[PDB]
Number of protein chains: 2
Amino acid sequence: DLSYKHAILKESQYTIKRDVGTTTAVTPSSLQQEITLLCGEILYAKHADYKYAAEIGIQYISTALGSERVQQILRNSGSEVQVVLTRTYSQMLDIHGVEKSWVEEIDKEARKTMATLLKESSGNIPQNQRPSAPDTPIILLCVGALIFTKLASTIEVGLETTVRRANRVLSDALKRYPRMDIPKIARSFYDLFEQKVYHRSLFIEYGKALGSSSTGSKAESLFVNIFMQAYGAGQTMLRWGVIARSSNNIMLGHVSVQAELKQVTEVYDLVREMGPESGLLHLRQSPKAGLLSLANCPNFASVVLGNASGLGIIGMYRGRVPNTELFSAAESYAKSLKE
Amino acid sequence: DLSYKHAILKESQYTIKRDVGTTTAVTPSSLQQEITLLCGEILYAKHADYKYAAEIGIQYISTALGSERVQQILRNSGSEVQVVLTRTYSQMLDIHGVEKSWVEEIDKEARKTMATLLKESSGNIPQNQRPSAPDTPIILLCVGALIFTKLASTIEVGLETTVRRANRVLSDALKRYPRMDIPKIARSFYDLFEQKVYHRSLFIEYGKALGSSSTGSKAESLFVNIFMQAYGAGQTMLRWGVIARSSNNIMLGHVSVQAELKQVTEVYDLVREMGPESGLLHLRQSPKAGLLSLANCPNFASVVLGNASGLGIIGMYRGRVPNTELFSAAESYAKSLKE
RNA sequence: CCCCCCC
RNA sequence: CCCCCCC
RNA sequence: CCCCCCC
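The rules behind the values
Each chain's residues are numbered sequentially from 1 according to the written sequence, a convention that need not reproduce the entry's numbering, and residues without coordinates are excluded. Each chain is given a letter, starting from A, and each ligand a number, starting from 1, according to the order in which they appear as written. All reported values concern the displayed chains, which form part of a larger assembly. To get the side-chain values, all heavy atoms of the structure are used, and hydrogens and water are removed first. Residues belong to a common nonpolar core when they are buried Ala, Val, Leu, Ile, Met, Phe, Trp, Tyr or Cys residues joined through side-chain atoms within 4.5 Å. Only protein chains enter the accessibility calculation, which uses a 1.4 Å probe; a residue is then buried when its area is under 20% of its type maximum, exposed when over 50%, and partly exposed in between. Strands are runs of DSSP state E lasting at least two residues, helices are runs of H or I lasting at least four, and both sets are numbered from the N terminus onward. The contact definition used throughout considers only heavy atoms, calling two residues in contact when any of these lie within 4.5 Å. Any residue with at least one heavy atom within 4 Å of a molecule or strand is counted as near it. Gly is placed with the polar residues, together with every amino acid not listed as nonpolar (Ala, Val, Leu, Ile, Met, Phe, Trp, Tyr, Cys and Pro) or charged (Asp, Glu, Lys and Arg). Defined in terms of a 1.4 Å probe, buried area is the accessible area two parts forfeit on being brought together, summed over both. By convention in these notes, a salt bridge is any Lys or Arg side-chain nitrogen within 4 Å of a carboxyl oxygen on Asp or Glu. Lines fitted to C-alpha atoms define the axes, with helix axes restricted to the stretch in contact, and inter-axis angles between N-to-C directions lie between 0 and 180 degrees. In this scheme, roughly parallel covers angles under 35 degrees and roughly antiparallel covers those over 145, while 65 to 115 is roughly perpendicular and the rest are oblique. Cavity and pocket criteria rest on a 1 Å grid covering protein atoms alone: a 1.4 Å probe that fits but cannot get out defines a cavity, protein on both sides within 12 Å along at least 5 of 7 lines defines an open pocket, and an atom within 4 Å of a point defines a lining residue. Grid points are joined across faces, edges and corners, and a volume is the space filled by probe spheres set on the points.

This deposited entry lists cryo-EM as its structure determination method and 4.7 Å as its resolution.

Below, the structure is given as structure tokens:
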């Protein structure tokens, strides 16, 4: 059945159309040196409103890939959003859907903070501490990638995890910019990813275009590391299933587990059939996701969760254990094997 | 014989003609923003009559796919129903076959409820609690998809299951709209699916056009999840047969089971021959369904039902057990293997 | 005739 | 319906 | 995020 369902979904002669009357903003590569400034003036000043930081990160992505490539990416993502270009005025940027009041506020706040830290201090600002640093857009996109790995999770868990992991992953940027509010920027990125779902596809295309590069700075290598940490998002049950098989859990040989193993292997075969893009299904909110669910094998899922709980892997996972006796037996065996 | 029967049914040079003098209603995409309102004014008010909620969900489907694509879908489903377009009047909708009194009643009831909940309360209605929310048509179609998975079952079982599953599947919508009557909407959808059988084909085409989409909201992902839960409808005996084979039931090696295994494998080969569209045969009430029946293998069916009963899968399945001795032996072995 | 559980 | 830990 | 010794 599962192969037939995927065959129906894949073999479609008709293309969906959505967001027909909508538009979005991009910034041409000719403005990259400008957007960098903006992407850094968000980082070293303490701003009251961090509402469009995610849009500025996506603007930098658009400068990197190019306006035409970004339009093509949005078009092949199933969304008929018409790209609107970015202009300059007196210079500053007039990004579509980003209020000019916001851009002026961010610029003025950063200029005032820079003046205050230059007047009082000894005037020895290093090359990495200024807003026009060239890795500041990647530093913002690193907060974006941290909150990207938690798009399958909830908002509160995502924000808490983003802040906790960014105090260590982004320690160097925090030292360079003492006053960068990872919570508010992470909230902005979560809002962008939820509202504009095609920007998930744009962000993934940037991740690919960055990982495929021949050279990169440490910021881009960090961004790619986090982006790849997001790969199996929304499918931790499959990873824990292969973990359970590697652990040689005895309760995998139970009668009901052996009964469901056929369709479990069917799900894994479907994973292989989709191939490399299967991992990005839940990150993209591809409607085709959910063909990879193991919820139709309650006993296998309970055994997998029990094995994870025994090994300590389960952590604070919020999934359901359908069959509690199998869960407890598997947990006991996994603890025994671990000890 | 079974391959020959399918060859006769498939190799037909003549097309059937039905519903020749009949007509049905569609709504053009230009009215989607309007139909959404209607599809949500059914959800947050307590209506005396929920008679045409299913037709309003199908109207939203018609806006999504388009009027011309919907006409083509109805034509290729074997039904010569002439599509009638939807108009507006003073604005509200005049849907063909939907009485204007009903639309006026629903709109007035929703407006009165909104006025009552705005006058008494503190006036802090969130963006998701209002009728013009853009996921309300998908919320109605989710009740429709829940009752869709029970079209092979009976009406009472379908309604009971729809309400039971919708208290959990649709918990968030229920929180957003405290007064949405899943029983009456489910009854309306069951009535639509029984009366207009071509709307099963339309609803399946919407499911495909939604699953094939590159992006979607959580409502559309939920709808696709339920729609795929409906895939093997009307053929639980085949699923339980492959379950029995996976369980390695000893009574499958009995003399009579081994006698019938040849034509059983013939049925499964026919399943593979039809391919992806085989699962939707009973959902569509395709007359070609019934070639997949295992009723001509009473001993295999009894063994399969016994295995299911032993594993606890049988639940409250109402199929017949032809050979009770095989059923009991298979149930005993399945319980023994499970323990 | 067929279908019939749970998710 | 699905998802849900850590890195 | 990754890396981190010796030759």
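A separate point is the nonpolar core. Of all hydrophobic cores here, the largest spans 136 residues; its most connected members are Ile-42, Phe-148, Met-180, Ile-185, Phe-203, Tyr-206 and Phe-223 of chain B. With 10 residues, the single largest contributor to this core is helix α6 (residues 136-148) of chain B. Apart from the residues lying within four places of it in its own chain, the contact partners of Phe-203 of chain B are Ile-58, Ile-61, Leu-141, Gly-144, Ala-145, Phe-148, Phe-193 and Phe-223 of chain B. Membership of the second largest hydrophobic core comes to 70 residues, among which are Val-98, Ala-110, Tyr-198 and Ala-230 of chain A.

The next subject is the protein's contact with RNA strand E. Residues and elements named next belong to chain A. Taken together, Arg-165, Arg-168, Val-169, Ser-221, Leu-222, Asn-225 and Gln-229 make up all the residues around RNA strand E. Backbone atoms, meaning sugar and phosphate, make up 67% of the atoms of RNA strand E lying within 4 Å of the protein. Ranked by the residues each element gives to the surface near RNA strand E, the list is headed by helix α11 (residues 218-229), at 4 residues. Split into classes, the residues belonging to the surface near RNA strand E amount to 2 nonpolar, 3 polar and 2 charged.

The next point concerns the interface of chain B and chain A. Between chain B and chain A, the residue contacts involve 33 residues of the former and 28 residues of the latter. A buried area of about 2700 Å², summed over both sides, lies between chain B and chain A, and 56% of it is on carbon and sulfur atoms. When the buried surface of chain B facing chain A is broken down by residue, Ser-214, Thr-215 and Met-228 of chain B rank first, second and third, together holding 22% of it. Where chain B touches chain A, the interface holds 1 salt bridge.

Below, the discussion takes up the packing of helix α3 (residues 53-65) of chain B against helix α9 (residues 182-195) of chain B. Residue and element names in this part refer to chain B. At a minimum axis distance of 7 Å, the contact between α3 and α9 shows a crossing angle of 70 degrees. When the axis of α3 is compared with that of α9, the two are roughly perpendicular. Contact residues: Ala-53, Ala-54, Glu-55 and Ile-58 in α3; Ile-185, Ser-188, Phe-189 and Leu-192 in α9. Looking at the contact of α3 with α9, its residues break down into 6 nonpolar, 1 polar and 1 charged.

With that settled, consider the layout of surface pockets. Put simply, the second largest pocket is a space of about 660 Å³. As for the second largest pocket, its lining consists of 31 residues, and the residues nearest its centre are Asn-76, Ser-77 and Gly-78 of chain A together with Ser-212 and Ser-214 of chain B. Every element with two or more residues in the lining of the second largest pocket is listed here: α1 (2-10), α4 (67-76) and α10 (198-211) of chain A. The element best represented in the lining of the second largest pocket is α4 of chain A, accounting for 4 residues. Residues that form the lining of the second largest pocket fall into these classes: 8 nonpolar, 15 polar and 8 charged.

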